[PDB]
Amino acid sequence: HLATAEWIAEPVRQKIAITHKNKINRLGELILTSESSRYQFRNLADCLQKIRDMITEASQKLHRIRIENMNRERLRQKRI
Amino acid sequence: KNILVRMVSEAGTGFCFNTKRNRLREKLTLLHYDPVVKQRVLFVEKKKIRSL
Amino acid sequence: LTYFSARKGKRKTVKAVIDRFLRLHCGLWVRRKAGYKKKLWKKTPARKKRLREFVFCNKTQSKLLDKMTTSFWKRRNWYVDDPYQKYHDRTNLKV
Amino acid sequence: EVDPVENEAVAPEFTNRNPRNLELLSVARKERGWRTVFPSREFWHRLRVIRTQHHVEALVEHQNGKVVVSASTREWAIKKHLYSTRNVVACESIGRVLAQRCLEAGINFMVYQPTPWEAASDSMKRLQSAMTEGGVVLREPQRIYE
Amino acid sequence: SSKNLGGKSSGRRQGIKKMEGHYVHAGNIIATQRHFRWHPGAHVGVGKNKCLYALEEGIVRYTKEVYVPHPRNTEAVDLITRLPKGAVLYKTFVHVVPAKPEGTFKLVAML
Amino acid sequence: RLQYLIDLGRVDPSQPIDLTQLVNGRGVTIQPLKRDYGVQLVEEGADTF
Amino acid sequence: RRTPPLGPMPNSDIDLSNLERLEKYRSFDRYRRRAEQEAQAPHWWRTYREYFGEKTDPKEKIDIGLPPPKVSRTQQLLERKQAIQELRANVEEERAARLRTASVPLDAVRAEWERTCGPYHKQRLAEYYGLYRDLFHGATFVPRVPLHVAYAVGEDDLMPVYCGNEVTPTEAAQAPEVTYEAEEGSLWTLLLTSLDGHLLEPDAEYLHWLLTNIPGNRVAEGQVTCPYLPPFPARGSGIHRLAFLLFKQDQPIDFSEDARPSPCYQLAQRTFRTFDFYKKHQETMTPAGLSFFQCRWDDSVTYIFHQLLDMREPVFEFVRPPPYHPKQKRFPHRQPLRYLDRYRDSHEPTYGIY
Amino acid sequence: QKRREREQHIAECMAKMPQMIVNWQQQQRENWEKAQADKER
RNA sequence: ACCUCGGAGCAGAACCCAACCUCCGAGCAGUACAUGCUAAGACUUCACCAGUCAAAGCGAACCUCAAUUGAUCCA
Ligand SMILES: [Mg+2]
Ligand SMILES: [Mg+2]
Ligand SMILES: [Mg+2]
Ligand SMILES: [Mg+2]
């Protein structure tokens, strides 16, 4: 549960919730899954390092969507 | 009439490519991709290996 | 080759085969392509990469090299950091 | 046991039927090949301009041959404001009107396949400038082959 | 005597490797040719020895289509621009009709 | 392999296990003449160890 | 052995006797126009069009729309010729055309385009977007009433919904503002449906709005038989299509078997098939307008999915079919080591019985 | 020490490099200019 | 006299096809300097060796030609 995560500070608990919404369930839990090895010890290591990199990074196709959004503005220019 | 010539990178990498030039031409200087610096750098002719 | 030596009465290896080829434990033989360090200024880059590949051998050539080497060269070898440790076995191979 | 909602019944495969779907996602095939003839058919949409003796027609066409959006001087729409229907002004104004129709149809990218004399003509330069400054990008994004 | 020498080259083993209606995978050579006998059509790439390969997985289909050359192939435009009016040249093109959908939309979560 | 040997009682876990206990319990065969330098412990079966 | 041709040969009716007294094409362009005309000709040989084109039925797509507006061609043509005469009589117009400094007013152009050929251009856009195929199963109607739809975004902003432009669910959270130019005494029906968007049935759509028995342009006094639910395209499902349909009613219609509940947030009740709708009520009204937009996933959709529809948010991903890789051989004769890596399953070391 | 010396020599060469590029390129464009001069003759 | 390589006929239409059979050529030249790297799938001169084409990807940009050639060891 990212909200009740006292081991994470609040400034960064909130940046993670806006940076990893695609990984937050409706129960407010951050979910991490690793399947790149046949040893659950190595998969758990990958998941824990993913959490650690989330905290560190919080502490510190795009061309298509950019042009589509820009042309969405040349039409939403409809002022009243 | 033509010659094979070793061209050595001036990036200090030690990369070396071999190409051909007419003998009655001057020493070749080229822009070639050195993959050690991952960039297109100057190469200058440092030896004649044979006649092709 | 020598099928029975004169000092030990045993079969001998062809050290030419040993100095040229690599045997994987699965029974496959690996070689380099002929002319990979020759006249490269006339070779195109696709051909040069093709020559730089490590390629396998025939069934006929494999049986021939297995006959020209002794059973010491077919044992399983547990080297420290062998780059062919993956290829020493077959996976998902049907018939 | 937890009673399931009669709403959360989703099929294991979504079936989007929008013709534009995989093309706006960049994951759709472009018709490669035809590399001994002209024009190329490796595009999703294309701008094709037809300059007849009297009129100028510009169309945005799918690779199917289906025509998406079009602008011609044969319309009274463009006729009642132009002096002439075959001038550099005609090509420019058709460029502006189709650019507007493309933006409202959602067509933001297309291929333009010119001929060298069309490319070096000044009517087509004013049309491409009109489309580019009206919002239409005249190079299509590449396919995410993987 | 016999002052004719050479001529001892073997056959190139060229021609069609995948006839009509055969299933083909991406990369498979459909034909090999010294001259452009069969032309690249839909989803069929051409390699620099004029060889024809399948760009998509599908079914090889031969057709006869019209021939409009690139307006930079000086040789072919010169013929087209001397051709009589009402005359459309045709050639034999090879097409791969692709067999599988580019992909499917599957459920991956229930977030 | 180590867990299987321990469970079948061929290697005593209550004593320090060394190469001698692993060749006496006959879980590894070492050939110093084939340039064997001993035993390497590998990760297989770390999840049920 | 030879077989005679099954029909006319292509370059057959060209007289090969007077080849030097026959006219030639001296232009790549002129050859190209003839080439493409033959290319679109039917032809009795095997064709790219035969193997790749869409072979729809020649059922001659049935019109289901309000009759075409009647105009007087002679008076219209006379007015247009006189107007062009005045425009060319202006000297400054000729100056601007020769100096290439002229311009054309896009707003006026768009207004009378909406009046003149906009209906047919919209019909072609709908057919390209496949809305008739999926709403009316092939039947086509010329949109003869301009249905202006916009979304109130910000305080002074509107995002219009023309003919397939993208509108985000953040911009489509609340109901749109609609305007159809009508006369008094004409009852109407406005409908919003998401064609692509049903999460269970692949054939069905989702009803979003069913304003019925509507006074006239007045869009606030029509029975709200189904309330606006904002579009909800799932994440990774791609671009969905959402169509606002406007039908002109003759008699006042009783909509009691198509009356969705009040705070209706159940998708099994929000399933809709416009073919069944228009079939059961065909003899009462006729389609008149069509405004459509394209919708993708946005953060607001997590809200619609979680709070409004009491459900977990569906997430989908495009998966591409796996690679071919022919049957593996015991002796892969001239292949590299990457072969054995192609048939390998796991990248980590295995040890077998050791 | 050998690795540091190699990387530092590479660093000095790549530090001097862009200026080398611009004046070699001006010599090349210049060589085009004399070539066009003797082809104007 | 010939011995290796390529094009045409014999060998008319998938492939292949011999003669001290009939003809013609090759043992390069030009350009480039990403003529970088890598990697699915294929072709194949009737074996092997050798030879050929190539999607996707990384990095950049925004090859002509028909043959035009020589293994291993060793230097
Ligand atoms: Mg011959
Ligand atoms: Mg022969
Ligand atoms: Mg073969
Ligand atoms: Mg590529």
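Residues numbered from 1 in each chain as written, not as in the entry; some residues may be left out. Chains lettered and ligands numbered in written order. Part of a larger assembly, values for the part shown. Heavy atoms only, no water.

Things to note about the overall build of chain G
Phase 1 of the analysis: Along the backbone of chain G there are 11 helices and 11 strands.
Phase 2 of the analysis: Rg of the C-alpha trace for chain G: 29 Å, well past the compact-globule value of 20 Å for 354 residues, more than 25% over.
Phase 3 of the analysis: Along the first, second and third principal axes, the C-alpha set of chain G runs to 85 × 80 × 50 Å.
Phase 4 of the analysis: The 354 residues of chain G split such that 47% are buried.
Phase 5 of the analysis: Counting only contacts in chain G whose residues sit at least 6 apart along the sequence, the fraction spanning at least 24 positions is 71%.
Phase 6 of the analysis: In the form shown here, chain G has an accessible surface area of approximately 19,500 Å², with 51% of it arising from carbon and sulfur atoms.
Phase 7 of the analysis: For chain G, the distance from the average position of its 47 positive side-chain charges to the average position of its 50 negative side-chain charges is 12 Å. (Helix = DSSP H or I, 4+ residues; strand = E, 2+ residues; numbered from the N terminus. Rg over C-alpha atoms; globule rule 2.2 N^0.38 Å. Buried < 20%, exposed > 50% of the residue type's maximum accessible area, 1.4 Å probe, protein only. Contact = heavy atoms within 4.5 Å. Areas by Shrake-Rupley, 256 points an atom, 1.4 Å probe, with all protein chains shown as cover. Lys, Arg positive; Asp, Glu negative; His and termini not counted. Charge placed at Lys NZ, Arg CZ, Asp CG, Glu CD.)

Regarding the overall build of chain A
Phase 1 of the analysis: Helices and strands together make up the secondary structure of chain A, namely three helices and one strand.
Phase 2 of the analysis: What you see in chain A, going N to C, is helices and strands ordered as α-α-α-β.
Phase 3 of the analysis: With the C-alpha coordinates of chain A rotated into their principal frame, the extents come out at 60 × 30 × 25 Å.
Phase 4 of the analysis: Relative to its full complement of 80 residues, chain A shows a buried share of 29%.
Phase 5 of the analysis: On chain A, roughly 5,900 Å² of surface is accessible, and the fraction owed to carbon and sulfur atoms is 54%.
Phase 6 of the analysis: In chain A, 17 side chains carry a positive charge and 9 a negative one; their mean positions are 9 Å apart.

A few points about the arrangement of the chains
Phase 1 of the analysis: Once contacts are tallied for each of the 12 pairs of chains in contact, the highest total is for chains D and G.
Phase 2 of the analysis: For chain B and chain E, which are not in contact, the least C-alpha distance works out to 23 Å.
Phase 3 of the analysis: As for chain H relative to chain G, no contact occurs, and the smallest C-alpha gap between them is 32 Å.

Digging into the protein's contact with RNA strand I
Phase 1 of the analysis: Taken together, 64 residues are adjacent to RNA strand I, and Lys1 of chain B, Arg31, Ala34 and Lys49 of chain C together with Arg12 of chain E come closest.
Phase 2 of the analysis: The contact atoms of RNA strand I, taken as those within 4 Å of the protein, divide so that sugar and phosphate hold 74%.
Phase 3 of the analysis: One of the backbone nitrogen or oxygen atoms of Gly11 of chain E is found 3.0 Å away from a phosphate oxygen of RNA strand I.
Phase 4 of the analysis: The side chain of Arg12 of chain E places a nitrogen or oxygen atom 2.5 Å from a phosphate oxygen of RNA strand I.
Phase 5 of the analysis: At the level of elements, β2 (16-22) and β3 (29-34) of chain B, α2 (45-52) of chain C, β6 (51-54) of chain E together with α11 (338-343) of chain G are the ones that each hand at least two residues to the surface near RNA strand I.
Phase 6 of the analysis: For the surface near RNA strand I, the per-class residue count stands at 16 nonpolar, 21 polar and 27 charged. (Near = heavy atom within 4 Å. Polar contact = N/O pair within 3.5 Å; in protein donor to acceptor, adjacent residues only side chain to side chain. Nonpolar A, V, L, I, M, F, W, Y, C, P; charged D, E, K, R; others polar.)

Quick look at unusual backbone geometry
Phase 1 of the analysis: Looking along the chain, the bond that leaves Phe38 of chain D and enters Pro39 of chain D is cis, with omega of 5°.
Phase 2 of the analysis: Within the secondary structure layout, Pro39 of chain D lies in the loop between α1 (21-24) and β2 (45-51).
Phase 3 of the analysis: Look at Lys39 of chain C: it is not a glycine, yet its phi comes out positive at around 40°.
Phase 4 of the analysis: Residue class for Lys39 of chain C comes out partly exposed when judged on its relative accessible area of 49%.

Topic: the sheet that holds strand β3 (residues 54-56) of chain C
Residues and elements named next belong to chain C.
Phase 1 of the analysis: Taken together, the three strands give an open sheet; going across it, the order is β1-β2-β3, and neighbouring strands pair in antiparallel fashion. Each edge of the open sheet carries a strand with a single partner, namely β1 (22-23) and β3.
Phase 2 of the analysis: Bridging between strand β2 (residues 29-32) and β3 involves three bridges; their strand directions are antiparallel. The residue of β3 that forms the bridge with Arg31 is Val55. (Pairing = 2+ DSSP bridges.)

Considerations on the UniProt feature "coiled-coil region" in chain G
Phase 1 of the analysis: In the numbering adopted here, UniProt assigns the feature "coiled-coil region" to residues 73-101 of chain G.
Phase 2 of the analysis: Counting secondary structure, residues 73-101 of chain G comes out at 90% helix and 0% strand; the distance between its end C-alpha atoms is 33 Å. (UniProt positions renumbered as here; feature names shortened; annotations may be inferred.)

Notes on the interface of chain G and chain D
Phase 1 of the analysis: Taken together, the contact pairs 64 residues of chain G with 61 residues of chain D.
Phase 2 of the analysis: Of the roughly 5,800 Å² buried between chain G and chain D, counting both surfaces, carbon and sulfur atoms make up 55%.
Phase 3 of the analysis: Area buried by chain G at its contact with chain D is led by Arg100, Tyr128 and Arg320 of chain G, which between them contribute 13% of it.
Phase 4 of the analysis: Applying the counting rule to chain G against chain D returns three salt bridges. (Buried area = accessible area lost by both parts, 1.4 Å probe. Salt bridge = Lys/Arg side-chain N within 4 Å of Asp/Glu carboxyl O.)

Remarks on the interface of chain A and chain G
Phase 1 of the analysis: Taken together, the 17 residues of chain A in the interface contact 25 residues of chain G.
Phase 2 of the analysis: Where chain A abuts chain G, roughly 1,800 Å² becomes buried across the two surfaces, and 47% of that area is made up of carbon and sulfur atoms.
Phase 3 of the analysis: At the boundary of chain A with chain G, the tally comes to 11 residue pairs in polar contact.
Phase 4 of the analysis: The set of elements that each furnish at least two residues to the side of chain A that touches chain G consists of α3 (62-73) and β1 (78-79) of chain A.
Phase 5 of the analysis: Looking at which element gives the most residues to the side of chain A that touches chain G, the answer is α3 of chain A, with four residues.
Phase 6 of the analysis: Per-class residue counts for the side of chain A that touches chain G are four nonpolar, four polar and nine charged.
Phase 7 of the analysis: Bridge count for β1 of chain A against strand β2 (residues 157-160) of chain G is two bridges, and the pairing is antiparallel. Across the sheet, the residue bridging to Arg79 of chain A is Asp157 of chain G, located in β2 of chain G.

Considerations on the sheet that holds strand β4 (residues 39-51) of chain B
All names here are of chain B.
Phase 1 of the analysis: Read across the open sheet, the four strands follow the order β2-β1-β4-β3; overall the sheet is antiparallel. Only two strands of the sheet have a single neighbouring strand rather than two, namely β2 and β3. Across the sheet, the mean angle from the axis of one strand to that of its neighbour is 45°, orientation sign disregarded.
Phase 2 of the analysis: Bridge count for β3 against β4 is six bridges, and the pairing is antiparallel. Across the sheet, the residue bridging to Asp34 is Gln39, located in β4. (Axes fitted to C-alpha atoms, helices over the stretch in contact; angles between N-to-C directions.)

Points about the pattern of salt bridges
Phase 1 of the analysis: As enumerated under the stated definition, the model contains 42 salt bridges over all chains in all.
Phase 2 of the analysis: A salt bridge links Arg17 of chain D to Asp134 of chain G, with the shortest nitrogen-to-oxygen separation between them at 3.9 Å. Taken as a pair, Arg17 of chain D in the loop between β1 (13-14) and α1 and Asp134 of chain G in helix α7 (residues 131-135) lie in two separate chains rather than in one.
Phase 3 of the analysis: According to the relative accessible area criterion, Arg17 of chain D is partly exposed, its value standing at 22%.
Phase 4 of the analysis: Exposure remark for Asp134 of chain G: the relative accessible area of 9% places this residue in the buried category.
Phase 5 of the analysis: Measuring nitrogen to oxygen at the nearest pair gives 3.0 Å for the salt bridge that ties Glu61 of chain D to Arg46 of chain D. One end of the pair, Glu61 of chain D, is in strand β3 (residues 56-62); the other, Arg46 of chain D, is in strand β2, and 15 residues separate them in sequence.
Phase 6 of the analysis: Residue classification places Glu61 of chain D among the buried positions, given a relative accessible area of 10%.
Phase 7 of the analysis: Taking the relative accessible area as the measure of exposure, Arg46 of chain D reaches 12% and is therefore buried.

Observations regarding the pairing of strand β7 (residues 58-66) of chain E
Residue and element names in this part refer to chain E.
Phase 1 of the analysis: Across two bridges, strand β2 (residues 23-24) lies against β7 in antiparallel orientation. Within the sheet, the bridge partner assigned to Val24 lies in β7 and is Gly58.
Phase 2 of the analysis: The sheet contact formed by β7 and strand β8 (residues 90-98) spans nine bridges and is antiparallel. Within β8, the position partnered with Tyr62 by the bridge is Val94.

Things to note about the pairing of strand β9 (residues 104-109) of chain E
In summary, the side chains of a regular strand alternate between the two faces of the sheet.
Phase 1 of the analysis: Where β1 of chain D meets β9 of chain E, two bridges bridge the pair, whose relative direction is antiparallel. Bridge pairing in β9 of chain E places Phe14 of chain D opposite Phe105 of chain E.
Phase 2 of the analysis: Where β9 of chain E meets strand β11 (residues 315-319) of chain G, five bridges bridge the pair, whose relative direction is antiparallel. In the sheet register, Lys106 of chain E faces β11 of chain G, and the bridge partner there is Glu317 of chain G.

Here's the deal with the packing of aromatic side chains
Phase 1 of the analysis: Applying the stated criterion to the full structure yields 32 aromatic pairs over all chains.
Phase 2 of the analysis: Relative to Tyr48 of chain G, the ring of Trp34 of chain D lies with its centre 5.5 Å away and its plane at 85°, an arrangement referred to as edge-to-face. Of this pair, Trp34 of chain D sits in the loop between α1 and β2 while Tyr48 of chain G is found in helix α2 (residues 48-52), placing the two residues in two different chains.
Phase 3 of the analysis: By relative accessible area, which is 2% here, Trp34 of chain D ends up buried.
Phase 4 of the analysis: Overall, the relative accessible area of 17% leaves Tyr48 of chain G in the buried class.
Phase 5 of the analysis: Measuring from centroid to centroid gives 6.3 Å for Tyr151 of chain G and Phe244 of chain G, while their planes differ by 50°, and the two rings are tilted. On the criterion of sequence distance, the pair formed by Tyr151 of chain G in strand β1 (residues 147-153) and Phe244 of chain G in strand β8 (residues 240-249) is long-range, its members being 93 residues apart.
Phase 6 of the analysis: Judged by relative accessible area, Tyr151 of chain G falls into the buried class, the value being 1%.
Phase 7 of the analysis: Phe244 of chain G gets classed as buried once you look at its relative accessible area, which sits at 0%.
Phase 8 of the analysis: A connected cluster of aromatic rings, assembled from ring pairs, spans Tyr132, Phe136, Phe141, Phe247, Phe255, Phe272, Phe277 and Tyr278 of chain G.
Phase 9 of the analysis: The ring centre of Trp34 of chain D lies 3.8 Å from the NZ or CZ of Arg41 of chain D, which sits over that ring. (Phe/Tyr/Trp six-rings, centres within 6.5 Å; stacked < 30°, edge-to-face > 60°. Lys NZ or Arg CZ within 6 Å of the ring centre and 35° of its normal.)

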